[PDB]
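Heads up, what comes next is one protein chain in two forms, each shown on its own as structure tokens, labelled structure 1 and structure 2.
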Structure 1
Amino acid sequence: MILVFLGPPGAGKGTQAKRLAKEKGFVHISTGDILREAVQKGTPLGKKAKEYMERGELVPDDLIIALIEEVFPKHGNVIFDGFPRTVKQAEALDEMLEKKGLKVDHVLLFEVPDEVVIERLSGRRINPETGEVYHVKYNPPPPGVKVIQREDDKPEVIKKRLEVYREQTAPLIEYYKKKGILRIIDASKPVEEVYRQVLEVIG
């Protein structure tokens, strides 16, 4: 099965994907996570991506498309999270899959308002040891667990990331609505309620 999670920065795509991964064996592909690790390691890929990620801009389609080619899991059910972000990326993904006689089964649009985006990301905390994701209010790290705030969760960068999302996702939504595989979910609900909508759409 191939799933795509679409949604604003902070919608909880990673949170949901990481739960399907551990509970139903899905292979979770988060282009943001993969790029962040490259940047941290200072590989050629990380050097190339750093400038965009720092400013809350999209990494160019050509680099992302090549990346997805390289990281595509050969086996297993896959969740693409934060990919595609443009129609060009979605077309490349649809072609890659078609060559394999696969398709995208479902596109889940995680809808939240801007206010909630800002709330979710500004309060987002990561255990740097494991990459586990917490939220200062909604899902705090337990006592004793040291956490950091991502540099790109700073207010100016969140705002740019949100802007780029609201602009670029419009044609992508249309693209998948045309195929009849898009399902909206209210991602403004608690994590458990969101997970349930997810399972409902895919089951």
Structure 2
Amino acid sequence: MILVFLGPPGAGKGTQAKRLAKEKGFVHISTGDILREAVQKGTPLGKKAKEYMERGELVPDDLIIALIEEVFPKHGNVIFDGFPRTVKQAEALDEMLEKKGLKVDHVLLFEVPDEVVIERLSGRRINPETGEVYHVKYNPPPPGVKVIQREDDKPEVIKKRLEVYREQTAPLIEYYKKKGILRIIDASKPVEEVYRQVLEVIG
């Protein structure tokens, strides 16, 4: 089974993907996590990607397409989490999968309003060593766990990221709808309820 998780930043895509991957044995491919590792390592990809990420812009498509070609799991279940982010990326994914006799089985759209997104992102904190994600209100880290706020989770960058999502990423809703594989999630609900909805789709 191949899944794509699609929706605004802060919808809870990563949170749900990590849980589904561990509980059911999917390989979790998060372009954001992979990009952050590249930036930390100072690879050619990381060095180039860094300034786009800092500004809240998308990293250029060709970089992302190459990355996915490089890390694509050839067998087994996969969750693409925050990829594709543009129509060109989605077209490239379809072509990759078709060469392998595969297809995207379900695209889960995590629907959530802007006000909720902004609260989710503003309160997001991460363990920079493990990538584990917390929220100051809805899931605070326990004692002993050092967290930071992502620089792109500051107010002005959130604003930019939501604009970018609406312009470049939201068209994927229609792209996948017209393949007949889109499934809608209410990602504004609490974390357990969102997970129930995810399970309902894949079952």
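Each residue is numbered by where it sits in the sequence of structure 1, with counting from 1. We call the rigid core the largest set of C-alpha positions that still match within 1.5 Å between the two forms.
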Rigid-core-fitted C-alpha displacement of residue 58 between structures 1 and 2 (angstrom): 0.7
If the rigid core is lined up, how many Å does the C-alpha atom of residue 147 shift between structures 1 and 2? 1.2
Rigid core superposed, the C-alpha shift at residue 75 between structures 1 and 2 in Å: 3.0
